[PDB]
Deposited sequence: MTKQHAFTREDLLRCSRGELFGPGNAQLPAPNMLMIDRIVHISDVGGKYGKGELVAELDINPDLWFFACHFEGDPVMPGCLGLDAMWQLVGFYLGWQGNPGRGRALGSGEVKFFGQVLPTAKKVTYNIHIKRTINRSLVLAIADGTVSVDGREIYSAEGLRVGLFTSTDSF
């Protein structure tokens, strides 16, 4: 029943609410959307055996955030790479067929120890689903890392995203 890779246009469709349906998970649209394509997604395998996503974002100097962050010293904001990981975990929940709107619930340790310059080519996200809880509220817990051109730069442990039937 399941598609395992998505193009930018599949994601934009999701952003309109047309991939998972109305009242279900949506990715944000530009300029908040931090994913160009989902290269792989399954509910088996991964670090913990409970699924995995691999996603990419193409970089070029003209990306909007580089001009305002910072003047004379462009660099992609860490919060945006962080948010991509939440975006992806949300996407995963909706992709599993669960109903409701997505909201990030937070995380454990987050680390930034590198940066994305405008001279980079591609950012890649790797997410490992640790647990899904299907009680009175439905939620996913995952670890994620963000890499730029092969090199690992951010990490986030215990990312939490939850789904809300009635919008918190």
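Subject >> Regions of the deposited sequence not represented in the model >> reply: Several stretches lack coordinates - namely 1, 169-170, in sequence order.
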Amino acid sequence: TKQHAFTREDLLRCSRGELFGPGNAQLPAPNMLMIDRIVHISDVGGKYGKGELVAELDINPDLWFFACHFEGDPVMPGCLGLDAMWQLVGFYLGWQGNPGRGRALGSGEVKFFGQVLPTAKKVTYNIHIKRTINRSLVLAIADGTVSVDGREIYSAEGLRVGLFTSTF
From here on, numbers count along this sequence of modelled residues.
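Subject >> Other PDB entries, at least a third, lacking residue 42 >> reply: It is not, since residue 42 is included in all of the other entries that model both flanking stretches.
Subject >> residue 135 left out of the model in a third or more of other PDB entries >> reply: Yes, a third or more of the compared structures omit it.
Original post:
Comparing 22-30 with 103-111, which has the greater mean CA B-factor as deposited?
Top reply: The stretch with the larger mean CA B-factor is 22-30.
Original post:
What stretch has the higher average Cα B-factor here, 49-57 or 135-143?
Top reply: Mean B over CA atoms: larger for 135-143.
Subject >> Position of residue 5 among the chain's modelled residues by C-alpha B-factor, lowest, middle or highest third >> reply: For residue 5, the deposited C-alpha B-factor lands in the highest third.
Subject >> Where the record places residue 38 (Cα B-factor, split into thirds across the chain) >> reply: Middle third.
Subject >> Third assignment of residue 44 from its chain's C-alpha B-factors >> reply: Middle third, going by the recorded CA B-factors of the chain.
**OP:** Among all modelled residues of this chain, ranked by Cα B factor, put residue 68 in the bottom, middle or top third, i.e. lowest, middle or highest.
**Re:** Top third by C-alpha B-factor.
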